[PDB]
S.K.: 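My questions will all concern the structure given below.
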Amino acid sequence: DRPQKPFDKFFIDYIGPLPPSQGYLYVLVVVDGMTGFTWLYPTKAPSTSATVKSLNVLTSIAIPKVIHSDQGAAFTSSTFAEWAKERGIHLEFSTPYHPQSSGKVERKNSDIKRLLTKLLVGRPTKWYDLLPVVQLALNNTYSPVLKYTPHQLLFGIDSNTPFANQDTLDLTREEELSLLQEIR
Amino acid sequence: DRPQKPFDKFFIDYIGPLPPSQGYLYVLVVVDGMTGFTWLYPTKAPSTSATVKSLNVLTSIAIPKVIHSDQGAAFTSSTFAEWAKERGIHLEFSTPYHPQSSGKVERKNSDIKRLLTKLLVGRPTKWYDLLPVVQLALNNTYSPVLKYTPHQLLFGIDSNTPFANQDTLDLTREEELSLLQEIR
Amino acid sequence: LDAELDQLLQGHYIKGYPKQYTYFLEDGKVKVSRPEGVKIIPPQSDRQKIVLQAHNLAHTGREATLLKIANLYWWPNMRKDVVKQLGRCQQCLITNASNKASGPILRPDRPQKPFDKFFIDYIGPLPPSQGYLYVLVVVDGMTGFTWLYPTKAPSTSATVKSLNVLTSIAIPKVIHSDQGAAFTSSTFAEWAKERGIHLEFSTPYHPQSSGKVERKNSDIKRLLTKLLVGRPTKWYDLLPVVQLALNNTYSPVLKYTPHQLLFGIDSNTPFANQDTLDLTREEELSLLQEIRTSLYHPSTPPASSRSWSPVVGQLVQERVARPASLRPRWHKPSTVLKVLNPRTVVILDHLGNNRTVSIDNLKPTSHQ
Amino acid sequence: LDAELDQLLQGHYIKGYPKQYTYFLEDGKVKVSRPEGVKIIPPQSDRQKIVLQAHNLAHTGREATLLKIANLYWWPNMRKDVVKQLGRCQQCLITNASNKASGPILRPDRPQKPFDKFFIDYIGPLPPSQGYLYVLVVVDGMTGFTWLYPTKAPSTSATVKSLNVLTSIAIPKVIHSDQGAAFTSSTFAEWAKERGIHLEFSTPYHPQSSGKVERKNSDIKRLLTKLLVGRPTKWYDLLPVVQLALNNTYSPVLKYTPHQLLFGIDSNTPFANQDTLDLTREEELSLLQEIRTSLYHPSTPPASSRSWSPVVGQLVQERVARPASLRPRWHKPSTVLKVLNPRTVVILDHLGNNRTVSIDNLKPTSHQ
DNA sequence: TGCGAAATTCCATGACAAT
DNA sequence: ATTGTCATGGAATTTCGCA
DNA sequence: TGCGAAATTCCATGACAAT
DNA sequence: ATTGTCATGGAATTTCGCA
Ligand SMILES: [Zn+2]
Ligand SMILES: [Zn+2]
């Protein structure tokens, strides 16, 4: 079998609802399977329409052969199916209650949730503006398994924003508290 | 002495007052001495100002070395003198009550008065519009003394409007009457 | 299509398909192993659709379209098929630029005499000066001698008023103008017939054809600009001065002023030439006739390396005059009826009206 | 003046005055009989006034001015005197056109990597579409890969909004732009420093310097025009399609698409290239690095036969940007401080500010 | 070892513009 | 302190398929 | 029958434009 | 049914003044 490549498979999922930030509540997460590259789109709902609107932007830059998701209603709608079929994109679903991407993707998605949570707390409403820098961070994070960051794998060069000081995604004792207090 | 040339000497005089035509009452007559070429300018008065206004047009095309006139007030004013001096034009006056141009010029001026009178009568008020064709006629009229018309002498070519049928400047018995009736 | 591809698979020779390659079947598709790699050979009946899909991605030209197609497919004489489609893409044909230059310009003979031909034109609008906004410029073709008239509009009425004053002096055989409203009006046409004057018009949107007066407009504006430096742009009172100044200026290539060419002798202006003081007027006119006939005349320049000259029955496209934003710069193709000269043609425009048209406003339609 | 002319009249030789001519007196004027005829020799002290009177009739250049003067006068080295005056006529200097062409263009090296340099620019205004009037165009210098963003104004605020989305992907070392208001604002400067991005600006009024994006603008408009033929100009919904279409279009000279140059592999788009299916990603990136370094680069063209290249301390004039009607097209002379490169200079503009300036917007001041 | 035709490369031409 | 670019379709050149 | 300098000619460059 | 033009100032070329 032929070696894995960028655009072979995009993994998508929603994160949310989150505290409103400039009108938005959810984040559509797209991760390329081979490179671990991540794109994030703020939406107002986990709807087919929000998904199509967001993916229309991404697919103006590159088109995946396969999109993989869970059996979310947004992703299983016949509208979304029509959309994929128009672009020659094959849709692929994990079986219900049994989500399964890949190790790299699972770990990437873990990092995304943790990184968000960490930066959210203290300013849980300012996340709309942080999405660009969150993405740069995720995408210039060195992969222990491969020798490279997603940026390097996607573009074949070093980045002008190396993120050398890879911090804790872990919460400081302070943040733990101010996050426990937010949910009250 | 060196042979006579166009622009050596312009002879000028007023004709009028005439019946009003589009607001005008007089005709300033300019005749080049060598060629017999004639330019005509309608004015509202035989004033220095009207003279300067009209001659400013003519002198935008060619400048005479000498202007000759009678001792008309318009031509003897110190303003008109200032004007000539500005353009390096020498002014020259016939002695009072003794007008004297030259045979060619005298005859040319005779033709102008007669030609006007002839065309005026019957439409004594429409002369403003006839000035162009009057000038073409005068200027494409063959000189018995020289072998050429003023047009030919001025430009060194034949004209696209030869006036072959040189009519009577004499008045038909009809015109004599309708002109006698006008002055009543 | 299906027939040809059948014979191929067994190994029986088809013209166009190189015999030295292995043509096999796979995934229900006829394929060939070519140096670049394995390509699908589509049935003949499928190829047009393919060429069109590839071309339509970005409406690309020959090579760019081919480079797409060759990623998946191989078949004989692909570019022939690509080109066939380009020649039929209406959107490409009327949107793309030409890459062929016009043939070398004509240098029409200088009119033989003063008053043979006037070139006329309006300059403006200029900053208002005594209520005036335009200048009617009249250039005698033979002499270069110019007349200036200030107007409030580039109208027929103002033209007629001005030219009645001018033609007091002499009547021209021909007045040449551009296709401006003021000269194309029926009123102006009448004013001319009334006087024996033939109206001649430049081809539409081609001021090169009025080059004589256009070029004189440059000089007029240039001198006005200079005289108005550090003063308000009050040009009305300067027209007479500019007219006189320019009519008495030497053209270095001719060694004469337009005044000299018109009269054969300087009037009482500064630095008047005195070299015929001892000739009679007749001897002067004689010398003048000689000088007029022997003026330098430029010749047609070399054609550029990739120019085109028009042929009867050739397909050509006229440039849209004032194309809207995001609209094609070219009209639909049309046919060359008559070749008036190598720079001027009559076309039938598919409406079909007859238009006389400069080749500077045409391109040869691409791909035959 | 009076001394020289005295010695001359008796017959004692003066340098400059040919000995073989008869210099006499007449009408209180020193004269000479020259082949062309009899000319007045004015005293030295009179000559400047003369040259100036002749020149000022129509503000003529060298030969035309001389031809006037030579009608009346002769003296040694007249053109030297004429030229001295032309070099001092402020009105001529700032009004006349240049007749020397710019030196041959530079072909700056293609950026080595994607994200080394962006060129950015606004297209518009376009016919309104969903309230949008402009398109921010971002072209990666190395790859040609382009991003399109519809805006309601070519404003700093809209730029920042768009570029924040783009830089989600990656941050460029340099963004090059023209001197448009939206990019020269201090707010934009701050937005950049905040991110480690160096702003680079084209010389003023020289879009050749933004050629990468300007040229891409052409392609964008050209494809929009085609897709909108016989439909209303509703371009907003087509931006994404155009972006994708152009990023996946071959440049015939490179044999690659900008997408390929950016990623080294086609995505799921029509006619995707399959020639690295069997390479690993690493082998692909390796091949990509090779392809990036070996792209065709154009070279500087030949200089035209009459070009000028700038020299330190040379007098030069900058073109007035938006000259009013009947006003000079050139600024007063100014000095070349530094020659940044043969097409780019720093001048001191007599104010005197330092301006960095393209030579396409300069002329060498005439007559030294 | 050379031919005719197809494929590829070459490159003039023109159009993007501005603050 | 900065700097022209590149799609396009005929033509010229090279390569291909076959001896 | 030839030299150095002045005079003249040559000519690329750019700008007039539009209906 | 019509069609480029010509001022300009360096450079190249020619002519001049003198032997
Ligand atoms: Zn097309
Ligand atoms: Zn001047």
Side-chain angles (χ1 to χ4, degrees), chain C residues 18 20 60-64 77 79 83 86 96-101 105-108 121 178-181 200-219 221-222 251-253 298 304-306 321 340-346 354 356 358 366-367, chain D residues 18 20 60-64 77 79 83 86 96-101 105-108 121 178-181 200-219 221-222 251-253 298 304-306 321 340-346 354 356 358 366-367:
Chain C
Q20 47 164 109
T60 53
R62 187 227 306 147
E63 297 306 312
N77 304 320
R79 279 157 174 96
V83 172
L86 304 180
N96 291 347
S98 172
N99 61 6
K100 285 114 182 67
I105 56 169
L106 293 175
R107 299 318 301 275
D121 194 19
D178 61 18
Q179 289 183 27
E200 186 171 67
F201 301 90
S202 288
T203 49
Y205 295 86
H206 195 250
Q208 294 92 318
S209 287
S210 291
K212 279 269 184 187
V213 57
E214 290 300 343
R215 178 61 167 79
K216 181 72 61 167
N217 291 347
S218 178
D219 284 331
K221 289 187 109 162
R222 183 167 58 105
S251 171
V253 74
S304 60
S305 42
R306 298 184 187 177
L340 298 188
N341 65 40
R343 298 258 313 150
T344 323
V345 306
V346 182
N354 276 22
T356 311
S358 165
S366 286
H367 324 293
Chain D
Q20 47 164 109
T60 53
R62 187 227 306 147
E63 297 306 312
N77 304 320
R79 279 157 174 96
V83 172
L86 304 180
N96 291 347
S98 172
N99 61 6
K100 285 114 182 67
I105 56 169
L106 293 175
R107 299 318 301 275
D121 194 19
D178 61 18
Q179 289 183 27
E200 186 171 67
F201 301 90
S202 288
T203 49
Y205 295 86
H206 195 250
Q208 294 92 318
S209 287
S210 291
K212 279 269 184 187
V213 57
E214 290 300 343
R215 178 61 167 79
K216 181 72 61 167
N217 291 347
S218 178
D219 284 331
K221 289 187 109 162
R222 183 167 58 105
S251 171
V253 74
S304 60
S305 42
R306 298 184 187 177
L340 298 188
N341 65 40
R343 298 258 313 150
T344 323
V345 306
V346 182
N354 276 22
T356 311
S358 165
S366 286
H367 324 293

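Note that these values count all heavy atoms, side chains included, but never hydrogens, waters or copies made by symmetry. Letters go in sequence order (proteins before strands), and every chain restarts at 1.
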S.K.: Mind pulling the stems DNA chain F is in, i.e. runs of at least three Watson-Crick or G-U pairs, everything under 3.5 Å?
M.R.: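 Listed by first number, the stems are E:1-16 with F:4-19.
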
S.K.: Supply the atom-to-atom distance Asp121(D) CG to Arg215(D) CZ, rounded to the nearest 0.5 angstrom.
M.R.: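 Result: 14.5 Å between the selected atoms.
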
S.K.: For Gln20(D) and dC18(H), what is the distance between atoms CD and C1' respectively, to the nearest whole Å?
M.R.: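 Between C1' of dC18(H) and CD of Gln20(D): 8 Å.
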
S.K.: Report yes or no: is there a donor-acceptor pair, N or O only, under 3.5 Å between the side chain of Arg215(C) and the base of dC6(H)?
M.R.: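 Result: at least one qualifying N/O pair found.
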
S.K.: Between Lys100(D) (NZ) and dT8(H) (P), how many Å, whole number?
M.R.: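 Rounded to the whole Å, the gap is 13 Å.
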
S.K.: Just checking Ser358(D): base, sugar-phosphate only, or nothing, at a heavy-atom cut-off of under 4.0 Å?
M.R.: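 If one applies the 4.0 Å heavy-atom cut-off, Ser358(D) turns out to touch nothing in the nucleic acid.
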
S.K.: Between the base of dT13(G) and the side chain of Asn99(D), is there a donor-acceptor distance below 3.5 Å?
M.R.: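 For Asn99(D), whose side chain was compared with the base of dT13(G), there is no donor-acceptor pair (under 3.5 Å).
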
S.K.: Evaluate the criterion salt bridge (charged side-chain N to carboxylate O under 4.0 Å, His left out) for residue pair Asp219(D) and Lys216(D); output intermediate values, then yes/no.
M.R.: CA-CA 5 Å; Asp219(D) 284 331; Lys216(D) 181 72 61 167; 5.3 Å; no

S.K.: Choosing from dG10(F), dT3(H), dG17(F), which nucleotide comes nearest the side chain of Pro18(C)?
M.R.: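 From the listed options, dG17(F) comes nearest.
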
S.K.: What's the CD-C1' distance between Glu214(C) and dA17(G), to the nearest Å?
M.R.: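 After rounding, the gap between these two atoms is 4 Å.
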
S.K.: Indicate, with a heavy-atom threshold strictly under 4.0 Å, whether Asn341(C) touches base, sugar-phosphate, or nothing.
M.R.: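 The answer is base, as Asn341(C) lies within the cut-off (heavy atoms under 4.0 Å) of a base atom.
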
S.K.: Whether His367(C) contacts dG9(F) is assessed here as follows: a side-chain N or O lying under 4.0 Å from the phosphate OP1 or OP2. Is that the case?
M.R.: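 Yes, such a contact exists.
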
S.K.: With respect to the side chain of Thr356(C), which nucleotide from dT5(H), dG14(G), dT2(H) is positioned closest?
M.R.: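 Out of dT5(H), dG14(G), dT2(H), the nucleotide with an atom closest to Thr356(C)'s side chain is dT2(H).
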
S.K.: By nearest atom, which of the nucleotides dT2(F), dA18(G), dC16(G) is closest to the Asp178(C) side chain?
M.R.: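 The listed nucleotide nearest to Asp178(C)'s side chain is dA18(G).
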
S.K.: Please report the shortest heavy-atom distance between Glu214(D) and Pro207(D), naming the atom on each side.
M.R.: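 Nearest heavy atoms, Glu214(D) then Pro207(D): CG-O, 3.6 Å.
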
S.K.: Could you tell me the separation between the NZ atom of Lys212(C) and the P atom of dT2(H), rounded to a whole number of Å?
M.R.: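 From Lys212(C) NZ to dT2(H) P: 18 Å.
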
S.K.: Taking the side chain of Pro207(D) as its heavy atoms from C-beta onward, which of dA17(E), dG4(F), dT8(F) lies nearest to it?
M.R.: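 Looking only at heavy atoms from C-beta outward on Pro207(D), the closest nucleotide is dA17(E).
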
S.K.: Does the side chain of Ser98(C) get closer than 4.0 angstrom to OP1 or OP2 of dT8(F) through an N or O atom?
M.R.: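 So the side chain of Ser98(C) is outside the cut-off, no N or O lying under 4.0 Å from OP1 or OP2 of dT8(F).
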
S.K.: What distance separates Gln208(C) CD from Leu106(C) CG, expressed to the nearest 0.5 Å?
M.R.: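 Taking CD in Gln208(C) and CG in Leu106(C), the distance rounds to 12.0 Å.
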
S.K.: Nearest heavy-atom pair of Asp178(D) and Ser202(D): which atoms, and what distance?
M.R.: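 Residues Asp178(D) and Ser202(D), closest heavy atoms: CA-CB, 4.1 Å.
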
S.K.: Just verifying a value: how many Å separate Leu86(D) CG and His367(D) NE2, rounded to the nearest 0.5 Å?
M.R.: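 Answer rounded to 0.5 Å: 4.5 Å.
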
S.K.: Once rounded to the nearest 0.5 Å, what's the spacing between atom CD1 of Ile105(D) and atom OG of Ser209(D)?
M.R.: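 It comes to 10.5 Å.
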
S.K.: Treat primed atoms plus P, OP1 and OP2 as sugar-phosphate and everything else as base, then score nucleotides 1-10 of chain E 5' to 3': B for base contact with protein heavy atoms under 4.0 Å, S for sugar-phosphate contact only, - for none.
M.R.: -----SSBB-

S.K.: Rounded to the nearest Å, what distance is computed from the CZ atom of residue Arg222(D) to the P atom of nucleotide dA7(F)?
M.R.: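 From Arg222(D) CZ to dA7(F) P: 9 Å.
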
S.K.: Checking all strands, does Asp219(C) fall into the base, sugar-phosphate, or nothing category for heavy-atom contacts under 4.0 angstrom?
M.R.: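 Sugar-phosphate contact only - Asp219(C) comes under 4.0 Å of backbone atoms but never of a base.
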
S.K.: Looking only at heavy atoms, what is the nearest atom pair of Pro204(C) and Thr356(C), with distance?
M.R.: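 For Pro204(C) versus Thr356(C), the nearest heavy atoms are CD-O, 3.2 Å.
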
S.K.: What's the closest nucleotide to the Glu200(D) side chain, out of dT5(H), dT3(F), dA7(F)?
M.R.: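 Comparing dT5(H), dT3(F), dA7(F) against the side chain of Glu200(D), the answer is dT3(F).
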
S.K.: Whether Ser209(C) contacts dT3(H) is assessed here as follows: a side-chain N or O lying under 4.0 Å from the phosphate OP1 or OP2. Is that the case?
M.R.: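 Indeed, a polar side-chain atom of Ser209(C) lies that close.
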
S.K.: Quick check for you: among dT8(H), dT5(H), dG9(F), whose closest atom lies nearest to any side-chain atom of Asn96(D)?
M.R.: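 Of the options given, the side chain of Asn96(D) lies nearest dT8(H).
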
S.K.: Consider the side chain of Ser218(D), meaning its heavy atoms from C-beta on, and name the nucleotide among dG10(F), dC16(E), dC18(H) that approaches it most closely.
M.R.: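 In terms of side-chain proximity for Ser218(D), the closest of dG10(F), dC16(E), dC18(H) is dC16(E).
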
S.K.: With rounding to the nearest 0.5 angstrom, report the CG to OG distance, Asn341(C) to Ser358(C).
M.R.: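 Result: 9.0 Å between the selected atoms.
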
S.K.: Can you give me the closest heavy-atom contact between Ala64(D) and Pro252(C), atom names plus distance?
M.R.: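 Heavy atoms of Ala64(D) and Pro252(C) come nearest at N-CG, 4.3 Å.
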
S.K.: In terms of the nearest nucleotide of DNA chain H, which residue is placed more toward the 5' end: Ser251(C) or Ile105(C)?
M.R.: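 Of the two residues, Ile105(C) wins.
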
S.K.: Rounded to the Å, how far apart are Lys216(D) NZ and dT8(F) P?
M.R.: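 In whole Å, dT8(F) P lies 11 Å from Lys216(D) NZ.
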
S.K.: Please determine whether a side-chain nitrogen or oxygen atom of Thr60(C) lies at a distance below 4.0 Å from atom OP1 or OP2 of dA7(F).
M.R.: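 So the side chain of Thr60(C) is outside the cut-off, no N or O lying under 4.0 Å from OP1 or OP2 of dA7(F).
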
S.K.: When all nucleic acid strands are considered with a 4.0 Å heavy-atom cut-off, which category describes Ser210(C): base, sugar-phosphate, or nothing?
M.R.: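 It contacts nothing in the nucleic acid.
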
S.K.: Tell me the interatomic distance from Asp121(D), atom CG, to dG4(F), atom P, rounded to whole angstroms.
M.R.: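 It is 16 Å, rounded to the nearest whole Å.
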
S.K.: Mind checking if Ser304(D) touches a base, just sugar-phosphate, or nothing, with heavy atoms under 4.0 Å?
M.R.: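 The answer is sugar-phosphate, as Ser304(D) gets under 4.0 Å only of primed atoms, P, OP1 or OP2.
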
S.K.: Given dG9(F), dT13(E), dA17(G), identify the nucleotide with an atom nearest to the side chain of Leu86(C).
M.R.: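 Nearest to the side chain of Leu86(C) among the choices is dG9(F).
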
S.K.: Reckon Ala181(C) touches a base, only the sugar-phosphate, or nothing at all at heavy-atom distances under 4.0 Å?
M.R.: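 No contact at all - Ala181(C) keeps every heavy atom at 4.0 Å or more from the nucleic acid.
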
S.K.: I want to verify a distance call: between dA12(E), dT3(F), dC16(G), whose nearest atom is closest to the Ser305(C) side chain?
M.R.: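 Between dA12(E), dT3(F), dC16(G), the one nearest the side chain of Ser305(C) would be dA12(E).
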
S.K.: Given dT3(F), is OP1 or OP2 found less than 4.0 Å from the side-chain N or O atoms of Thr203(D)?
M.R.: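 Yes.
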
S.K.: Could you tell me how far apart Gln208(C) (CD) and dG14(G) (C1') are, to the nearest whole angstrom?
M.R.: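 From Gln208(C) CD to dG14(G) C1': 14 Å.
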
S.K.: Name the nucleic acid region contacted by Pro252(C), choosing base, sugar-phosphate or nothing; use a 4.0 angstrom heavy-atom cut-off, strictly under.
M.R.: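 If one applies the 4.0 Å heavy-atom cut-off, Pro252(C) turns out to touch a base.
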
S.K.: Students often get this wrong, so: under 4.0 angstrom with heavy atoms, is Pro342(D) touching a base, only sugar-phosphate, or nothing?
M.R.: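 Nothing: the residue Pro342(D), judged by heavy atoms under 4.0 Å, touches no strand.
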
S.K.: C1'-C2'-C3'-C4' for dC16(G): north (positive) or south (negative)?
M.R.: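 Pucker of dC16(G): north.
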
S.K.: Nearest heavy-atom pair of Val83(D) and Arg62(D): which atoms, and what distance?
M.R.: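 For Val83(D) versus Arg62(D), the nearest heavy atoms are CG2-CG, 4.0 Å.
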
